[PDB]
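Structure file structure_27.cif with mmCIF, C-alpha atoms and all ligand atoms:
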data_protein
loop_
_atom_site.label_atom_id
_atom_site.label_comp_id
_atom_site.auth_asym_id
_atom_site.auth_seq_id
_atom_site.Cartn_x
_atom_site.Cartn_y
_atom_site.Cartn_z
CA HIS A 4 -52.49 -53.90 -5.98
CA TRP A 5 -50.07 -51.12 -6.71
CA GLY A 6 -46.51 -51.03 -5.45
CA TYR A 7 -42.95 -50.15 -6.51
CA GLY A 8 -41.68 -53.27 -8.29
CA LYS A 9 -41.21 -53.86 -11.99
CA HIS A 10 -44.66 -55.44 -12.32
CA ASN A 11 -46.81 -53.08 -10.18
CA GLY A 12 -44.67 -49.93 -9.97
CA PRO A 13 -44.93 -46.36 -11.28
CA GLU A 14 -44.95 -47.34 -14.97
CA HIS A 15 -48.07 -49.50 -14.40
CA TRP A 16 -50.11 -47.17 -12.19
CA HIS A 17 -51.86 -45.38 -15.08
CA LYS A 18 -53.89 -48.51 -15.94
CA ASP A 19 -55.89 -48.26 -12.69
CA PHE A 20 -55.29 -44.55 -12.01
CA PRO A 21 -55.41 -42.73 -15.37
CA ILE A 22 -54.70 -39.36 -13.69
CA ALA A 23 -51.11 -40.70 -13.49
CA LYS A 24 -50.74 -39.04 -16.95
CA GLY A 25 -52.51 -35.84 -15.83
CA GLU A 26 -51.68 -32.17 -16.02
CA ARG A 27 -50.27 -31.56 -12.54
CA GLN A 28 -48.59 -34.74 -11.36
CA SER A 29 -45.86 -35.01 -8.71
CA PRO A 30 -43.00 -35.23 -8.06
CA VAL A 31 -41.13 -32.98 -10.51
CA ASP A 32 -37.57 -31.92 -11.14
CA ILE A 33 -36.89 -28.49 -9.63
CA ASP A 34 -34.80 -26.52 -12.14
CA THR A 35 -33.29 -23.98 -9.76
CA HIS A 36 -32.27 -21.61 -12.58
CA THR A 37 -35.81 -21.43 -14.03
CA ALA A 38 -37.56 -21.13 -10.62
CA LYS A 39 -38.48 -17.48 -9.99
CA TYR A 40 -38.73 -15.43 -6.78
CA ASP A 41 -42.39 -14.68 -6.03
CA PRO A 42 -43.05 -11.47 -4.04
CA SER A 43 -46.70 -12.45 -3.51
CA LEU A 44 -45.71 -15.30 -1.17
CA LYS A 45 -46.42 -14.43 2.48
CA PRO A 46 -44.14 -15.54 5.35
CA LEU A 47 -44.37 -19.31 5.92
CA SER A 48 -45.53 -20.43 9.39
CA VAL A 49 -44.79 -23.95 10.61
CA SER A 50 -46.54 -24.13 14.01
CA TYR A 51 -45.88 -27.55 15.55
CA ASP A 52 -45.41 -26.71 19.26
CA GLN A 53 -48.71 -28.37 20.29
CA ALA A 54 -48.44 -31.41 18.02
CA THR A 55 -49.91 -34.65 19.34
CA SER A 56 -48.39 -37.75 17.74
CA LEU A 57 -50.30 -41.00 18.25
CA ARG A 58 -49.05 -44.06 16.38
CA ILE A 59 -46.59 -45.36 13.78
CA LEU A 60 -47.87 -47.76 11.08
CA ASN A 61 -46.17 -49.91 8.41
CA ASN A 62 -48.73 -49.62 5.60
CA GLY A 63 -46.87 -51.89 3.15
CA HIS A 64 -45.53 -48.92 1.13
CA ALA A 65 -43.82 -46.77 3.81
CA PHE A 66 -44.35 -46.02 7.51
CA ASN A 67 -46.65 -43.23 8.67
CA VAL A 68 -46.33 -41.31 11.94
CA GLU A 69 -49.92 -40.26 12.64
CA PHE A 70 -51.16 -37.19 14.56
CA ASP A 71 -54.30 -36.01 16.30
CA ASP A 72 -55.96 -33.78 13.69
CA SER A 73 -59.33 -33.60 15.51
CA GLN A 74 -58.25 -29.59 16.33
CA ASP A 75 -56.05 -27.22 15.44
CA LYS A 76 -52.66 -28.09 16.93
CA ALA A 77 -49.76 -28.68 14.54
CA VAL A 78 -50.55 -26.52 11.49
CA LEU A 79 -49.00 -24.97 8.39
CA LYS A 80 -50.05 -21.57 7.04
CA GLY A 81 -48.66 -18.66 5.07
CA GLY A 82 -46.38 -18.90 2.07
CA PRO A 83 -48.56 -19.82 -0.93
CA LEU A 84 -51.39 -21.04 1.32
CA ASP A 85 -54.81 -19.58 2.00
CA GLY A 86 -55.95 -20.35 5.53
CA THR A 87 -55.06 -23.26 7.80
CA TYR A 88 -53.67 -26.72 7.04
CA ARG A 89 -53.67 -29.34 9.83
CA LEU A 90 -50.89 -31.92 10.13
CA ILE A 91 -52.27 -35.47 9.79
CA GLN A 92 -49.15 -37.66 9.23
CA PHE A 93 -45.58 -37.76 8.02
CA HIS A 94 -43.69 -40.45 6.13
CA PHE A 95 -40.54 -40.88 4.02
CA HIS A 96 -39.44 -42.18 0.62
CA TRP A 97 -35.97 -43.70 0.34
CA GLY A 98 -33.61 -45.75 -1.78
CA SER A 99 -31.70 -49.04 -1.77
CA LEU A 100 -28.47 -46.96 -1.75
CA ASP A 101 -27.68 -43.35 -0.84
CA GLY A 102 -27.55 -42.18 -4.49
CA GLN A 103 -31.32 -42.36 -4.93
CA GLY A 104 -34.50 -42.24 -2.88
CA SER A 105 -35.94 -38.75 -3.17
CA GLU A 106 -39.07 -38.06 -5.25
CA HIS A 107 -38.37 -34.45 -6.11
CA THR A 108 -34.94 -33.77 -7.66
CA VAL A 109 -32.93 -30.54 -7.66
CA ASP A 110 -31.32 -29.83 -11.06
CA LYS A 111 -31.78 -33.60 -11.59
CA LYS A 112 -29.86 -34.44 -8.36
CA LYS A 113 -31.43 -37.29 -6.38
CA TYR A 114 -31.14 -37.22 -2.58
CA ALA A 115 -30.98 -40.33 -0.33
CA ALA A 116 -34.52 -39.80 0.98
CA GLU A 117 -37.38 -37.32 1.26
CA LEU A 118 -39.67 -36.53 4.23
CA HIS A 119 -43.32 -35.56 3.56
CA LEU A 120 -45.33 -33.76 6.28
CA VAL A 121 -48.96 -34.03 5.07
CA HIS A 122 -51.59 -31.39 5.94
CA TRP A 123 -55.24 -30.84 4.97
CA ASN A 124 -57.17 -27.58 4.53
CA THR A 125 -59.52 -27.28 7.50
CA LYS A 127 -62.16 -25.31 5.54
CA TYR A 128 -63.11 -28.70 4.02
CA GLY A 129 -63.67 -30.43 7.38
CA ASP A 130 -62.07 -33.85 6.74
CA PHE A 131 -59.25 -35.32 4.67
CA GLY A 132 -61.61 -37.21 2.37
CA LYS A 133 -63.43 -33.97 1.52
CA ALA A 134 -60.11 -32.15 1.17
CA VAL A 135 -58.98 -34.66 -1.51
CA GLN A 136 -62.00 -33.61 -3.58
CA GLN A 137 -60.59 -30.06 -3.82
CA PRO A 138 -57.88 -28.37 -5.92
CA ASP A 139 -56.43 -26.75 -2.75
CA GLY A 140 -57.24 -29.53 -0.31
CA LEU A 141 -53.72 -30.54 0.81
CA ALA A 142 -50.30 -29.01 1.52
CA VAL A 143 -47.24 -31.26 1.73
CA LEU A 144 -44.00 -29.92 3.24
CA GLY A 145 -41.14 -31.84 1.62
CA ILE A 146 -37.63 -32.06 3.13
CA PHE A 147 -34.63 -33.73 1.52
CA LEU A 148 -32.32 -36.10 3.44
CA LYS A 149 -28.60 -36.40 2.71
CA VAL A 150 -26.24 -38.81 4.46
CA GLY A 151 -23.68 -37.31 6.83
CA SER A 152 -24.05 -36.51 10.53
CA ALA A 153 -26.88 -38.09 12.52
CA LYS A 154 -30.19 -36.24 12.99
CA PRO A 155 -30.95 -36.52 16.74
CA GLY A 156 -34.66 -35.76 16.21
CA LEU A 157 -34.97 -38.78 13.90
CA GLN A 158 -33.52 -41.38 16.29
CA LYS A 159 -36.78 -42.15 18.13
CA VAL A 160 -38.31 -43.03 14.74
CA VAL A 161 -35.36 -45.25 13.80
CA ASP A 162 -35.43 -47.18 17.05
CA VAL A 163 -39.14 -48.13 16.86
CA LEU A 164 -38.86 -49.58 13.33
CA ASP A 165 -37.92 -53.07 14.59
CA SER A 166 -41.41 -53.26 16.16
CA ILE A 167 -43.22 -52.49 12.86
CA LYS A 168 -41.12 -54.55 10.46
CA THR A 169 -43.98 -55.92 8.35
CA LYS A 170 -47.10 -54.60 6.63
CA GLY A 171 -50.00 -54.01 8.99
CA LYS A 172 -47.97 -53.66 12.18
CA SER A 173 -48.33 -50.53 14.30
CA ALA A 174 -46.96 -49.22 17.59
CA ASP A 175 -47.73 -46.44 20.03
CA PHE A 176 -45.79 -43.33 19.09
CA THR A 177 -46.95 -40.63 21.51
CA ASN A 178 -44.97 -37.56 22.60
CA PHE A 179 -42.89 -37.21 19.42
CA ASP A 180 -41.89 -33.65 18.42
CA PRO A 181 -41.76 -33.22 14.60
CA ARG A 182 -39.89 -29.92 15.02
CA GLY A 183 -36.73 -32.02 15.41
CA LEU A 184 -36.97 -33.08 11.75
CA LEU A 185 -36.65 -29.61 10.21
CA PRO A 186 -33.50 -27.88 8.87
CA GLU A 187 -32.49 -24.40 10.06
CA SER A 188 -33.78 -22.49 7.01
CA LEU A 189 -37.36 -22.32 5.73
CA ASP A 190 -36.33 -21.18 2.22
CA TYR A 191 -38.52 -23.14 -0.21
CA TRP A 192 -39.82 -23.81 -3.70
CA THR A 193 -43.57 -24.22 -4.34
CA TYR A 194 -45.79 -25.49 -7.15
CA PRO A 195 -49.23 -27.15 -7.60
CA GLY A 196 -49.17 -30.94 -7.87
CA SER A 197 -50.51 -34.28 -6.73
CA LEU A 198 -50.21 -37.16 -4.33
CA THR A 199 -47.13 -39.20 -5.37
CA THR A 200 -48.81 -42.57 -4.77
CA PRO A 201 -52.15 -43.91 -5.98
CA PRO A 202 -54.77 -42.47 -6.13
CA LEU A 203 -52.45 -39.67 -7.45
CA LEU A 204 -55.09 -37.00 -6.77
CA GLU A 205 -54.31 -33.46 -7.96
CA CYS A 206 -55.04 -31.69 -4.67
CA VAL A 207 -51.61 -30.68 -3.33
CA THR A 208 -49.77 -27.42 -2.88
CA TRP A 209 -46.15 -28.61 -2.63
CA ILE A 210 -43.70 -26.68 -0.44
CA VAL A 211 -40.20 -28.19 -0.82
CA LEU A 212 -37.47 -26.84 1.48
CA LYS A 213 -34.15 -25.94 -0.16
CA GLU A 214 -31.92 -26.96 2.78
CA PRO A 215 -31.63 -30.75 3.28
CA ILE A 216 -31.34 -32.36 6.67
CA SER A 217 -28.38 -34.63 7.36
CA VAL A 218 -29.02 -38.13 8.70
CA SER A 219 -26.42 -40.79 9.41
CA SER A 220 -25.76 -43.84 7.27
CA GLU A 221 -26.86 -45.98 10.22
CA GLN A 222 -30.22 -44.17 10.43
CA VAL A 223 -31.10 -44.70 6.74
CA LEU A 224 -29.80 -48.29 6.83
CA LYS A 225 -32.50 -49.00 9.43
CA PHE A 226 -35.21 -47.65 7.09
CA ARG A 227 -33.97 -50.25 4.59
CA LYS A 228 -34.54 -53.15 7.04
CA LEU A 229 -38.32 -52.65 6.92
CA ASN A 230 -40.41 -55.04 4.82
CA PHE A 231 -43.09 -54.44 2.16
CA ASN A 232 -44.57 -57.88 2.93
CA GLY A 233 -46.68 -59.03 5.84
CA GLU A 234 -45.60 -61.29 8.69
CA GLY A 235 -44.77 -64.83 7.64
CA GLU A 236 -44.49 -63.99 3.94
CA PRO A 237 -41.27 -64.02 1.88
CA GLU A 238 -39.11 -61.06 2.79
CA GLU A 239 -39.12 -58.08 0.42
CA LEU A 240 -37.04 -55.21 1.71
CA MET A 241 -38.85 -51.85 1.79
CA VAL A 242 -36.49 -49.87 -0.46
CA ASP A 243 -36.90 -47.68 -3.55
CA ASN A 244 -40.42 -46.57 -2.56
CA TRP A 245 -40.17 -43.39 -4.66
CA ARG A 246 -41.93 -42.23 -7.84
CA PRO A 247 -39.66 -40.60 -10.46
CA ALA A 248 -40.11 -37.04 -11.66
CA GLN A 249 -43.13 -36.36 -13.88
CA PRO A 250 -43.65 -33.81 -16.69
CA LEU A 251 -43.92 -30.21 -15.52
CA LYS A 252 -46.53 -29.34 -18.20
CA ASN A 253 -48.22 -25.92 -17.72
CA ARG A 254 -46.61 -25.06 -14.36
CA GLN A 255 -44.02 -22.72 -12.88
CA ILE A 256 -42.00 -23.34 -9.72
CA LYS A 257 -41.80 -20.28 -7.48
CA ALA A 258 -39.08 -19.54 -4.92
CA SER A 259 -39.51 -17.88 -1.52
CA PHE A 260 -36.03 -16.36 -1.68
CA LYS A 261 -34.40 -13.77 -3.91
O1 LIG B 1 -43.89 -34.38 23.28
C1 LIG B 1 -43.66 -33.76 22.02
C2 LIG B 1 -44.21 -32.35 22.00
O2 LIG B 1 -45.61 -32.47 22.30
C3 LIG B 1 -46.31 -31.22 22.29
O3 LIG B 1 -47.67 -31.41 22.46
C4 LIG B 1 -45.74 -30.35 23.40
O4 LIG B 1 -46.46 -29.12 23.49
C5 LIG B 1 -44.27 -30.10 23.12
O5 LIG B 1 -43.70 -29.30 24.15
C6 LIG B 1 -43.52 -31.43 23.01
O6 LIG B 1 -42.18 -31.19 22.61
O1 LIG B 2 -46.76 -11.92 -17.96
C1 LIG B 2 -45.67 -11.83 -17.05
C2 LIG B 2 -45.81 -12.85 -15.94
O2 LIG B 2 -45.62 -14.14 -16.54
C3 LIG B 2 -45.87 -15.21 -15.63
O3 LIG B 2 -45.68 -16.40 -16.31
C4 LIG B 2 -44.93 -15.14 -14.43
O4 LIG B 2 -45.32 -16.11 -13.46
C5 LIG B 2 -44.99 -13.77 -13.77
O5 LIG B 2 -44.00 -13.68 -12.74
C6 LIG B 2 -44.82 -12.67 -14.80
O6 LIG B 2 -45.00 -11.39 -14.20
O1 LIG B 3 -41.95 -40.11 21.05
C1 LIG B 3 -42.09 -41.35 20.35
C2 LIG B 3 -41.69 -42.54 21.19
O2 LIG B 3 -40.28 -42.45 21.42
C3 LIG B 3 -39.74 -43.56 22.12
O3 LIG B 3 -40.04 -44.76 21.45
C4 LIG B 3 -40.36 -43.62 23.51
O4 LIG B 3 -39.84 -44.74 24.21
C5 LIG B 3 -41.88 -43.72 23.40
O5 LIG B 3 -42.49 -43.63 24.68
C6 LIG B 3 -42.42 -42.59 22.53
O6 LIG B 3 -43.79 -42.86 22.26
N1 LIG B 4 -52.13 -50.44 -12.03
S1 LIG B 4 -51.56 -51.10 -10.68
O1 LIG B 4 -52.47 -50.78 -9.64
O2 LIG B 4 -50.16 -50.78 -10.58
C1 LIG B 4 -51.62 -52.88 -10.85
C2 LIG B 4 -52.39 -53.61 -9.96
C3 LIG B 4 -52.40 -54.99 -10.01
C4 LIG B 4 -51.68 -55.66 -10.98
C5 LIG B 4 -50.93 -54.95 -11.89
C6 LIG B 4 -50.90 -53.58 -11.81
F1 LIG B 4 -50.14 -52.90 -12.68
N1 LIG B 5 -46.47 -38.99 -0.86
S1 LIG B 5 -47.56 -37.84 -0.63
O1 LIG B 5 -47.89 -37.18 -1.87
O2 LIG B 5 -47.14 -37.02 0.47
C1 LIG B 5 -49.07 -38.64 -0.09
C2 LIG B 5 -49.74 -38.23 1.06
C3 LIG B 5 -50.93 -38.84 1.44
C4 LIG B 5 -51.47 -39.85 0.68
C5 LIG B 5 -50.84 -40.26 -0.48
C6 LIG B 5 -49.66 -39.64 -0.85
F1 LIG B 5 -49.07 -40.02 -2.02
ZN ZN B 6 -44.86 -39.00 0.24
#

Is it possible to give me this structure as structure tokens?
Ligand SMILES: OC[C@H]1O[C@@H](O)[C@H](O)[C@@H](O)[C@@H]1O
Ligand SMILES: OC[C@H]1O[C@@H](O)[C@H](O)[C@@H](O)[C@@H]1O
Ligand SMILES: OC[C@H]1O[C@H](O)[C@H](O)[C@@H](O)[C@@H]1O
Ligand SMILES: NS(=O)(=O)c1ccccc1F
Ligand SMILES: NS(=O)(=O)c1ccccc1F
Ligand SMILES: [Zn+2]
Amino acid sequence: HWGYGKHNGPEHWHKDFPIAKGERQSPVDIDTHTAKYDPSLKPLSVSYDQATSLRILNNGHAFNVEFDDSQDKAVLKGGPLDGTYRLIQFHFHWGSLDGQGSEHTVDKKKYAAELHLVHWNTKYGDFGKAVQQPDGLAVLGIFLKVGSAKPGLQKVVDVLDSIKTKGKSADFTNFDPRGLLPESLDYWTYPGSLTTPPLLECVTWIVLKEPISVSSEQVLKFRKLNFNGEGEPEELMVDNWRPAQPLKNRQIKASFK
């Protein structure tokens, strides 16, 4: 199956997922000089005060922190979005060293990692139906740079030893995702895709301009995870990012003047 190595990685995905060469693939490079302020964007609303986290899972590609999406609790609305988008999970992409790991780039700069908070449009009723729609998903992307520790990330870091290998999960209740945000909600937005197979072109991307800082020790613990299952030869879970794809017939809009 698909993965990130030289034999099953991003350059191979198109053979089983031909949309990999499609017209609105993600991630992209964000050329900050070409991005334009868009006065039609409404204020962005990140409303996570009632979020209900449930579980953390090593899925063999990354780890997902999963939420109760059975009602409207943690949601995203406003900005480029029509209506209501429920939070279902977050995960990260990261590198083998600090100089790479992000999926989006900023004037070709690669960050050490990138956080994706994944939401689905409730008008469509379930995630599977949402991924049959052009406007089914909204992903809030946040860059990570290495510097001071992020206190709101430490609970995630410390549970990773219990989910080292593919298929392991652990309870992860009472986690507040608000602790993963930066101060500013300035953002860039464009229409794109899932960044892993099946690469479906359903996503409104909202990428925050301000990175969060995490410590070297925090990201080093991400890099101790394994792609493989228990008992199998160890393959460190690193470099689980797709490189930037062609922008094609798109424009990146900015929320700020
Ligand atoms: O426990 C994490 C978070 O869970 C939410 O459901 C609560 O309303 C928040 O006050 C709390 O910070
Ligand atoms: O025709 C002019 C229009 O061109 C579009 O490509 C831009 O997105 C708009 O901001 C602009 O007003
Ligand atoms: O909030 C996420 C998790 O953080 C810590 O691991 C707590 O010990 C655990 O009870 C909680 O589920
Ligand atoms: N297209 S793919 O899913 O990455 C893939 C799957 C299995 C073997 C080789 C491959 F390249
Ligand atoms: N990395 S992403 O685009 O947020 C993503 C989210 C959900 C499923 C597959 C994905 F690829
Ligand atoms: Zn992602």

Quick one: pull the distance between CA of residue 56 (chain A) and CA of residue 99 (chain A), Å, one decimal.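 Going from CA of residue 56 (chain A) over to CA of residue 99 (chain A), I get 28.0 Å.
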
Closest to residue 121 (chain A) among A:256, A:150, A:218, A:198, using only C-alpha atoms? A:198

Report as CSV: every residue of chain A with an atom at most 9 Å from ligand ZN 6 (chain B), its closest pair of atoms, and their distance in Å to one decimal, counting all atoms listed in the file, with rows sorted by chain and ascending residue number.
residue,atom,partner,partner_atom,distance
A:65,CA,B:ZN6,ZN,8.6
A:93,CA,B:ZN6,ZN,7.9
A:94,CA,B:ZN6,ZN,6.2
A:95,CA,B:ZN6,ZN,6.0
A:96,CA,B:ZN6,ZN,6.3
A:106,CA,B:ZN6,ZN,8.0
A:117,CA,B:ZN6,ZN,7.7
A:118,CA,B:ZN6,ZN,7.0
A:119,CA,B:ZN6,ZN,5.0
A:120,CA,B:ZN6,ZN,8.0
A:121,CA,B:ZN6,ZN,8.1
A:143,CA,B:ZN6,ZN,8.2
A:145,CA,B:ZN6,ZN,8.2
A:198,CA,B:ZN6,ZN,7.3
A:199,CA,B:ZN6,ZN,6.1
A:200,CA,B:ZN6,ZN,7.3
A:245,CA,B:ZN6,ZN,8.1

Enter the distance from CA of residue 31 (chain A) to CA of residue 231 (chain A), in Å, rounded to one decimal.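 Taking CA of residue 31 (chain A) and CA of residue 231 (chain A), their separation equals 25.0 Å.
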
Can you write out as JSON lines which residues of chain A fall within 8 Å of ligand LIG 4 (chain B), alongside each residue's closest atom pair and its distance in Å to one decimal, counting all atoms listed in the file and ordering rows by chain and ascending residue number?
{"residue": "A:4", "atom": "CA", "partner": "B:LIG4", "partner_atom": "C2", "distance": 4.0}
{"residue": "A:5", "atom": "CA", "partner": "B:LIG4", "partner_atom": "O1", "distance": 3.8}
{"residue": "A:6", "atom": "CA", "partner": "B:LIG4", "partner_atom": "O2", "distance": 6.3}
{"residue": "A:10", "atom": "CA", "partner": "B:LIG4", "partner_atom": "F1", "distance": 6.1}
{"residue": "A:11", "atom": "CA", "partner": "B:LIG4", "partner_atom": "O2", "distance": 4.1}
{"residue": "A:12", "atom": "CA", "partner": "B:LIG4", "partner_atom": "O2", "distance": 5.6}
{"residue": "A:13", "atom": "CA", "partner": "B:LIG4", "partner_atom": "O2", "distance": 6.9}
{"residue": "A:14", "atom": "CA", "partner": "B:LIG4", "partner_atom": "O2", "distance": 7.6}
{"residue": "A:15", "atom": "CA", "partner": "B:LIG4", "partner_atom": "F1", "distance": 4.3}
{"residue": "A:16", "atom": "CA", "partner": "B:LIG4", "partner_atom": "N1", "distance": 3.8}
{"residue": "A:17", "atom": "CA", "partner": "B:LIG4", "partner_atom": "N1", "distance": 5.9}
{"residue": "A:18", "atom": "CA", "partner": "B:LIG4", "partner_atom": "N1", "distance": 4.7}
{"residue": "A:19", "atom": "CA", "partner": "B:LIG4", "partner_atom": "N1", "distance": 4.4}
{"residue": "A:20", "atom": "CA", "partner": "B:LIG4", "partner_atom": "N1", "distance": 6.7}
{"residue": "A:201", "atom": "CA", "partner": "B:LIG4", "partner_atom": "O1", "distance": 7.8}

For region 131-137 of chain A: contacts at 12 Å, all atoms listed in the file, fewer than 5 positions along chain excluded, given as a PyMOL selection string: chain A and resi 72-73+88-92+121-125+142+197-198+202-208

If the limit is 9 Å from any atom of ligand LIG 1 (chain B), counting all atoms listed in the file, which residues qualify? Return them as JSON, numbers by chain. {"A": [51, 52, 53, 54, 55, 56, 76, 77, 177, 178, 179, 180, 181, 182]}

Please save C-alpha atoms of the selected residues as a compact mmCIF listing (two decimals), keeping the file's coordinate frame.
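Saved result, part_18.txt, follows:
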# COMPACT_ATOMS: atom_id res chain seq x y z
CA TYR A 51 -45.88 -27.55 15.55
CA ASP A 52 -45.41 -26.71 19.26
CA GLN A 53 -48.71 -28.37 20.29
CA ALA A 54 -48.44 -31.41 18.02
CA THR A 55 -49.91 -34.65 19.34
CA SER A 56 -48.39 -37.75 17.74
CA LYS A 76 -52.66 -28.09 16.93
CA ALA A 77 -49.76 -28.68 14.54
CA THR A 177 -46.95 -40.63 21.51
CA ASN A 178 -44.97 -37.56 22.60
CA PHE A 179 -42.89 -37.21 19.42
CA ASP A 180 -41.89 -33.65 18.42
CA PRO A 181 -41.76 -33.22 14.60
CA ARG A 182 -39.89 -29.92 15.02

Identify, on the basis of only C-alpha atoms, every residue whose closest approach to residue 37 (chain A) does not exceed 9 Å; exclude the query and any residue fewer than 2 positions from it along the same chain; express the result as a ChimeraX atom specification. /A:33-35,39,255-257

Output file for the selection above: C-alpha atoms, as a PDB file, in the coordinates of the input:
ATOM      1  CA  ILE A  33     -36.890 -28.490  -9.630  1.00  0.00           C
ATOM      2  CA  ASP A  34     -34.800 -26.520 -12.140  1.00  0.00           C
ATOM      3  CA  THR A  35     -33.290 -23.980  -9.760  1.00  0.00           C
ATOM      4  CA  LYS A  39     -38.480 -17.480  -9.990  1.00  0.00           C
ATOM      5  CA  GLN A 255     -44.020 -22.720 -12.880  1.00  0.00           C
ATOM      6  CA  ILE A 256     -42.000 -23.340  -9.720  1.00  0.00           C
ATOM      7  CA  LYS A 257     -41.800 -20.280  -7.480  1.00  0.00           C
TER       8      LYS A 257
END

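Every protein, DNA or RNA residue with an atom at most 8 Å from residue 151 (chain A), where only C-alpha atoms count and chain neighbours fewer than 6 positions away do not, is listed here: residues 217, 218, 219 and 220 of chain A.
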
CA of residue 240 (chain A) and CA of residue 228 (chain A), how far apart in Å?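 CA of residue 228 (chain A) sits 6.2 Å away from CA of residue 240 (chain A).
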
Taking into account only C-alpha atoms, which residue in the set A:61, A:192, A:169, A:244 is nearest to residue 40 (chain A)?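 Closest candidate: A:192.
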
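Proximity ranking of A:253, A:62, A:166, A:158 relative to ligand LIG 5 (chain B) places A:62 first, based on only C-alpha atoms and all ligand atoms.
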
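Nearest to residue 7 (chain A) of all the residues A:160, A:241, A:116, A:251 is A:241, based on only C-alpha atoms.
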
Nearest residue to residue 243 (chain A) out of A:101, A:75, A:69, A:85, using only C-alpha atoms? A:101

Here is a test: counting only C-alpha atoms, which residue of A:209, A:87, A:105, A:162 is nearest to residue 193 (chain A)?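 The answer is A:209, which sits nearest to residue 193 (chain A).
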
Could you list, as a VMD selection string, every residue within 9 Å of residue 249 (chain A), counting all atoms listed in the file and ignoring same-chain residues fewer than 4 positions away? chain A and resid 24 27 to 32

Adding 5 Å on each side of the box along x, y and z that holds all listed atoms of ligand LIG 5 (chain B), could you give its centre and edge lengths in Å to one decimal, as lines of an AutoDock Vina configuration file?
center_x = -49.0
center_y = -38.6
center_z = -0.3
size_x = 15.0
size_y = 13.2
size_z = 13.5
